[PDB]
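>>> Once you've seen the sequence and the experimental structure below, I've got questions.
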Amino acid sequence: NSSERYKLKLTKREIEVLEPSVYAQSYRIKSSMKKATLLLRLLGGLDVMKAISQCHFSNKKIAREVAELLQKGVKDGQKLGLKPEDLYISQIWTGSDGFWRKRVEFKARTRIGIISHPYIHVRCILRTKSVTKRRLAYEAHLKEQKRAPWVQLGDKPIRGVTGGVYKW
Amino acid sequence: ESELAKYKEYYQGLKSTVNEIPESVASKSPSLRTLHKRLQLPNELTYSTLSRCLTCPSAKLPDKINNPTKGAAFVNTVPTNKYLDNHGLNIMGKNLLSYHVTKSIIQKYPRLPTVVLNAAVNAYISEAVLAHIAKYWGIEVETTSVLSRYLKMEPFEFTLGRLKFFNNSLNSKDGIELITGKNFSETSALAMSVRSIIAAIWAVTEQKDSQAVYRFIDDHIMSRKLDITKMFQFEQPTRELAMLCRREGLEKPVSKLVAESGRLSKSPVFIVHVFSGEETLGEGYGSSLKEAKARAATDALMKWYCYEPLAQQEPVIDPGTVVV
Amino acid sequence: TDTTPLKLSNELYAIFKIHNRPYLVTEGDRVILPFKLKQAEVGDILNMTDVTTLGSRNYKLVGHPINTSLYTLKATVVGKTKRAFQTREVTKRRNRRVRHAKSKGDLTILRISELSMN
Amino acid sequence: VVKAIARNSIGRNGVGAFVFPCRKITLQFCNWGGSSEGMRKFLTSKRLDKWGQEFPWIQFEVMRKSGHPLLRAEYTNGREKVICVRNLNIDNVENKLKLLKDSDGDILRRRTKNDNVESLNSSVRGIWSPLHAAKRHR
Amino acid sequence: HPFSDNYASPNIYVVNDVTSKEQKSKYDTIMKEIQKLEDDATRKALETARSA
Amino acid sequence: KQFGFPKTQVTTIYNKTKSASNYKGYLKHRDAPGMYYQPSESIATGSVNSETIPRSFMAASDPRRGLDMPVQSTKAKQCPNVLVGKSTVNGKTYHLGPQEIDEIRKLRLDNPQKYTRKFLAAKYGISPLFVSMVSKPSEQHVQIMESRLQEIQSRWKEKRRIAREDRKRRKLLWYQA
RNA sequence: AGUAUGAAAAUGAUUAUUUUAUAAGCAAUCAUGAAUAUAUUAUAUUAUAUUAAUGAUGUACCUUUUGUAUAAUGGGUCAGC
RNA sequence: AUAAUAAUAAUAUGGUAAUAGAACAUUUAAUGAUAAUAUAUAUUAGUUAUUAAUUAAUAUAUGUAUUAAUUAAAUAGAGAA
Ligand SMILES: [Mg+2]
Ligand SMILES: [Mg+2]
Ligand SMILES: [Mg+2]
Ligand SMILES: [Mg+2]
Ligand SMILES: [Mg+2]
Ligand SMILES: [Mg+2]
Ligand SMILES: [Mg+2]
Ligand SMILES: [Mg+2]
Ligand SMILES: [Mg+2]
Ligand SMILES: [Mg+2]
Ligand SMILES: [Mg+2]
Ligand SMILES: [Mg+2]
Ligand SMILES: [Mg+2]
Ligand SMILES: [Mg+2]
Ligand SMILES: [Mg+2]
């Protein structure tokens, strides 16, 4: 309904942010960050359903919480407009949730330690196979096209300074 | 009194100055003077003429002003006189550039292929290059609004000194271009300005010193580096070379191994020379034999085409491109 | 001195010396002298005098300094400037005093405008 | 068959016609502000006029602002040097102005040893080759 | 209190010391005056429509 | 030999076999004032230089023709032929008439699998290239061949496709000069 | 141990760029390829920035001593004092 | 007969303990224009022979510097207890 052409100028960051995503967040999980990492590294770039399945059959305690989070993120994505079979976990990390209560451990022979009690949160960003993954495939293709070939007897720069004199 | 009335009369005065380009006002303009001194323009070229050269055509304000919602607002420039713009000048400058540059290229490389020559000409006087040159010179665009200028209460001299066309305010704000015609592009306006200056120079000097314009062009345009060897891209050069040899009084070209090392390695070196009789035409190194052969043919073709005769020689008119 | 092949050749290089510092140049080359020129201002032209070698692809005239009559070699002074500012620190091995040796040497950008056999 | 590769020329400022690198200088000062005294004195005292007479290809803007006194140059390449001349005397300001006018606009940069000449041109003699050398290796 | 005439070399000039506040006030008055002009014209047009 | 200049290597004061890269030695080496002949230690592939262009490509009124600088260092008798066609070794033949050509064309359309280019060449004592120039095959056959080629390409791995791309880029680069 | 605010650092996880699975030491500096990013004068054969190809040089800091890479003193890191 | 800046010729410019001279950052007091087109703080990239300040962009605050400058002073500068 218009004869006006346009050209859009976005940055890399702007491109990244505007692709359809969904941002899951856990509640105050009772665990170490290290323990969370030990699981979460497995769920790197998986499809959300696959990740959920892995969490269900994992032996770890954080696993259930991670599964629940993934389920919530899927539900959010559905509400927005996205599909659950389209969603993959783009990023998933953990962090300290703060207010870890220290508590002295009394040892033998008038010695002591301090026992902290770590609480964490897992956040994750689900992105779409339909868009983000396609975009990065396209970028990879462009990079491949750009890539200058290996030339056998090719023009390499004569590195070093000339010194105001012909050496040949 | 009313501030609107004060603004309106200022605008009217500005419009009148644009229509005239009165000489005293143009002289007062510091930017014009500095431009004149920078380029070492002739004293016969008046400051009014220089101001005019910076004035692009802008008779009527376009329909796209009606909506800034569609991504355009033209609020900087003021309407110009029909018979006092850079338009006629610009055309003349373009013609001069197309003549002289091309002639210089032909003098340099009398056998240069037609497509290659055209590319070289473009390189020397393309719109982007011309715009860059204008920027380098210091031809700045009138980006500031008329209202803003009035508020600052700046003279009309400064306006005259700047480049004046329908430059779209909010051109790429929020990363949104509108893709308008050539009559609203900055690069094009800058190109026109540099061509208009050349035309003005020609107009003033033609009767006294006819070649003054052409030496100015040589100084500014033809002084720029262009390796003509980087312009070429052959397809089946051996066949073309053979055709060339047939056309001239030369024996059939055959490629022969001069030197060889590292056969049966990742990166050998094969030197082959395309001989016509005992004379070698092209020398070709390569990783493969085929590659070396190809390179020798391309070298021969380069030597044929990019042959540059001396000025002392009588004119070399080539016998056309080698039609394979 | 039969200087005919040099005169004929389309490509041609020079090895002129400013204060015995050699600089190998063609026309268009942009020399960067490592000092502040006092004599010439920006825009001034320098006629090179102590030209050691004038060379084609296969020949070279050599003189110390080649006859000024035989050639031309005009440089233009295209901007006095400086190197980037640097501050190396000077200190001994059990001494808290660390003297900062600030440095920002001068440069003079020449451009070889003309180079030809006269 | 032969085809062109679209390519653009490189401007060497010096070779044909020298365009002077410094195009515009802005003298900025403050009426209040004791740091702008030497700048103010310079503006007053017939030196600026002489300067403008000497260099009519540079335009000399004179601005008033609340902050420290400023000398911003503007060059052909599009770069902009800005020197703050706070608490400098007249003569120091003038020296700074001279320095600015001297500059080709390009960014400051570390040079390696003997990194003297900067050519666009292909070598007049070729690049060395072991097959084509005068003395063959062994 | 320098001026462009003071220096007597035409490449030198002094930009006009107009305070930002004064400029803003001027802008306000002009745009306000335009608005007033427009509103009166619209009212007149409405009155004419009502009449016939 | 027009010019009788003394000839010089690009001389260092140091040992050239051990210190060829040492610019300092070159800088040190002074030689007596005059004209010299320093033959270039380079191939003349990319050079548009006037001392590199051959005499046949120079114009008739060029002074440079007479001067001895396009040196014929190599000899065509000594060098052996590289990727040379059989026409170039033993001369081109223009023997086949119109009728023979028409017969060849008829054959090729009829059955390009049986009567292939090489077979035609063998029959008529002529080149496969010439056969191709003379006669088109049935477009169906060409389409089949294209489809086969596409299938082969698909059968590749990722690596092979990349290598083929690189090869193509190299080929393109060869013809630049 | 006020209330707001908080891209202050140490510290953790994750992503991106880049280097890294035949190479040996204060982990820097200088030389020098390559890859990537940004660049409303890259006109380019462009400029800056980031990055342990490769090469060269390089015995933490302080204190106390005739004298310390010392296997002599002292410091887990950063913030405030 | 001075001061500032710039020339030329000459001599000098490693430094622990130590002596002498000159600056800057920070905080308070006296005097004090200006202003959201401004100021402050932070990040990034430029600039000035650069512990400092300045330019531009970006961010957050504030209808605003005890601001520039000169003085007076100091809980006035921290990898070393
Ligand atoms: Mg908190
Ligand atoms: Mg116990
Ligand atoms: Mg613990
Ligand atoms: Mg130390
Ligand atoms: Mg000691
Ligand atoms: Mg040795
Ligand atoms: Mg390895
Ligand atoms: Mg190790
Ligand atoms: Mg140890
Ligand atoms: Mg120790
Ligand atoms: Mg310890
Ligand atoms: Mg000392
Ligand atoms: Mg203290
Ligand atoms: Mg501290
Ligand atoms: Mg310290």
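Right, received. Where do you want to start? Numbering: from 1, shown residues only, chains lettered A, B, ... in the order given. Ligands and ions are numbered 1, 2, ... in the order given.
>>> and chain E, which of its residues are near RNA strand H?
E:19-21, E:23-24, E:27 (C-beta under 7 Å from any atom of the strand). C-betas here are computed from N, CA, C, even on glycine.
>>> Just name the closest of the residues you listed to residue C:52, please.
Nearest to residue C:52 among those is residue E:20, at 62.7 Å by C-beta to C-beta.
>>> how close does the closest one sit to chain D?
Per C-beta to the nearest C-beta, to the nearest Å, residue E:20 is found 11 Å from chain D.
>>> Ok, residue B:255 next?
Residue B:255 sits 16 Å away from chain D, going by C-beta to the nearest C-beta.
>>> Then residue C:73?
13 Å.
>>> Show me the beta-bridge partners of that residue.
On the basis of DSSP bridges, residue C:73 is bridged to residue C:115.
>>> Confirm for me that it is in contact with residue C:52.
No: at 11.4 Å, residue C:73 and residue C:52 do not qualify as touching, with contact defined as C-beta atoms under 8 Å.
>>> which one is residue F:23 nearest to, not counting chain neighbours?
Leaving aside its chain neighbours, residue F:23 sits nearest to residue A:163 (3.0 Å; criterion: C-beta to C-beta, 6 or more residues apart in numbering or on different chains).
>>> How about the residue positioned nearest the centre of chain D: what's its closest non-neighbour residue?
The centroid of chain D falls nearest to residue D:104 when counting by C-alpha atoms, centre = their mean (2.0 Å). Spatially, and ignoring its direct neighbours in sequence, residue D:104 is nearest to residue C:79 (2.7 Å; C-beta to C-beta, 6+ apart).
>>> so how far is residue F:52 from the one residue in chain A that gets nearest to chain D?
Nearest residue of chain A to chain D, counting by C-beta to the nearest C-beta: residue A:168, 3.7 Å away. Residue A:168 sits 15 Å away from residue F:52, going by C-beta to C-beta, to the nearest Å.
>>> Which one's more surrounded, the two?
Using other C-beta atoms under 10 Å in any protein chain shown, the more surrounded residue of residue A:168 and residue F:52 is residue F:52, with 24 against 19.
>>> follow-up on the earlier one: can you tell me the helix or strand for the residue nearest to residue D:104?
strand C:71-82 (DSSP states H and E).
>>> and that strand, how far out from the chain's middle?
Relative to its chain's centre, strand C:71-82 lies at 8 Å (C-alpha atoms, centre = their mean, to the nearest Å).
>>> Report the buried residues of that strand.
With burial defined by 16 or more other C-beta atoms under 10 Å in any protein chain shown, the residues of strand C:71-82 counted as buried are C:71-81.
>>> Then stretch A:22-31?
The neighbour-count check on stretch A:22-31 (16+ other C-beta under 10 Å) flags A:22, A:24, A:26, A:29, A:31 as buried.
>>> hang on, the earlier thing: hmm, the strand holding residue C:79 touching RNA strand G?
No: using C-beta under 7 Å from any atom of the strand, strand C:71-82 never reaches RNA strand G; the gap is at least 12.5 Å.
>>> and that strand, what other elements does it pack with?
Where contact means 3 or more C-beta pairs under 8 Å, 6 or more residues apart in numbering or on different chains; DSSP states H and E, strand C:71-82 is packed against strand C:13-18, strand C:45-47, strand C:51-55, strand C:106-117, helix D:90-102.
>>> Does RNA strand H have contacts with it?
Yes: remark: strand C:71-82 sits within contact range of RNA strand H at residue C:82, by C-beta under 7 Å from any atom of the strand.
>>> show me what contacts residue B:89?
Shown in contact with residue B:89 (C-beta atoms under 8 Å, 6 or more residues apart in numbering or on different chains): B:52-53, B:195-196, B:199-200, B:203.
>>> Let's see that with 6 Å instead.
B:196, B:199 (C-beta atoms under 6 Å, 6 or more residues apart in numbering or on different chains).
>>> List the buried residues for the helix or strand hosting it?
Take DSSP H and E as the rule and residue B:89 turns out to sit in helix B:87-108. Within helix B:87-108, the residues that qualify as buried are B:87, B:89-90, B:92-94, B:96-97, B:100-102, B:104-106, B:108, counting by 16+ other C-beta under 10 Å.
>>> Does that helix reach RNA strand G?
No: for a cut-off given as C-beta under 7 Å from any atom of the strand, helix B:87-108 has no contacts with RNA strand G; the smallest distance is 13.9 Å.
>>> For the helix or strand just after that helix, give me every contacting residue.
Using DSSP H and E, the next helix or strand after helix B:87-108 towards the C-terminus is helix B:114-125. Here helix B:114-125 makes contact (C-beta under 6 Å, 6+ apart) with B:97, B:101-102, B:105, B:221, B:226, B:231, B:321, D:4, D:7-9.
>>> and helix B:114-125, which residues are buried?
B:116-117, B:119-125.
>>> Next secondary structure after that helix?
Of the helices and strands lying after helix B:114-125 in sequence (DSSP H and E), the nearest is helix B:127-137.
>>> what separates that following helix from the chain centre, distance-wise?
The chain centre lies 8 Å from the centre of helix B:127-137; the measure is C-alpha atoms, centre = their mean.
>>> circling back to that earlier point, and of the buried residues of helix B:87-108, the nearest to chain F?
Each of the buried residues of helix B:87-108 was checked against chain F using C-beta to the nearest C-beta; the closest is residue B:108, at 10.4 Å.
>>> need the contact list for the closest residue to the closest one other than its chain neighbours.
Of all residues not flanking residue B:108 in the chain, residue B:308 sits nearest, at 5.5 Å (C-beta to C-beta, 6+ apart). Shown in contact with residue B:308 (C-beta under 6 Å, 6+ apart): B:108-109, C:10.
>>> Go through the residues of chain E next to RNA strand H and say which is closest to chain B.
Comparing the residues of chain E next to RNA strand H against chain B with C-beta to the nearest C-beta places residue E:23 closest, at 4.3 Å.
>>> Now the helix or strand the closest one falls within: buried residues?
Residue E:23 is part of helix E:20-51, with elements assigned from DSSP H and E. By 16+ other C-beta under 10 Å, the buried positions in helix E:20-51 come out as E:26-27, E:30.
>>> Give me the neighbour count for residue 109.
Went with chain A since none was named. Applying other C-beta under 10 Å, we find 4 residues neighbouring residue A:109.
>>> nope, chain D
For residue D:109, using other C-beta under 10 Å, the count is 11.
>>> interface residues of chain C facing RNA strand H?
Residues of chain C found near RNA strand H (C-beta under 7 Å from any atom of the strand) are C:38, C:82, C:84-85, C:87, C:95-97, C:99, C:102-106.
>>> now, among the residues you listed, which is nearest to residue A:113?
Nearest to residue A:113 among the residues of chain C next to RNA strand H is residue C:96, at 38.6 Å by C-beta to C-beta.
>>> For the closest one, the count of nearby residues, please.
Residues near residue C:96, counting by other C-beta under 10 Å: 6.
>>> Ok, residue D:78 next?
Neighbours of residue D:78 using other C-beta under 10 Å come to 10.
>>> One more: residue B:154?
For residue B:154, the neighbour count with other C-beta under 10 Å is 16.
>>> Name the nearest residue to it, sequence neighbours excluded.
Spatial nearest neighbour of residue B:154, excluding adjacent residues (C-beta to C-beta, 6+ apart): residue E:16 at 6.3 Å.
>>> Can you list the buried residues in the helix or strand containing residue B:5?
For residue B:5, the host element (DSSP H and E) is helix B:3-20. The neighbour-count check on helix B:3-20 (16+ other C-beta under 10 Å) flags B:3-4, B:7, B:10, B:14-15, B:17-18 as buried.
>>> Just give the nearest non-adjacent residue to the residue of chain A found nearest chain C, would you?
Taking C-beta to the nearest C-beta, chain C has its nearest neighbour within chain A at residue A:164, 3.6 Å off. Excluding the flanking residues, the one nearest residue A:164 by C-beta to C-beta, 6+ apart is residue C:22, at 3.6 Å.
>>> sorry, back to before: between the buried residues of strand C:71-82, which is nearest chain B?
So of these, ranked by how close each gets to chain B (C-beta to the nearest C-beta), first place is residue C:76, at 11.7 Å.
>>> What's the separation between that closest one and RNA strand G?
16 Å (C-beta to the nearest atom of the strand, to the nearest Å).
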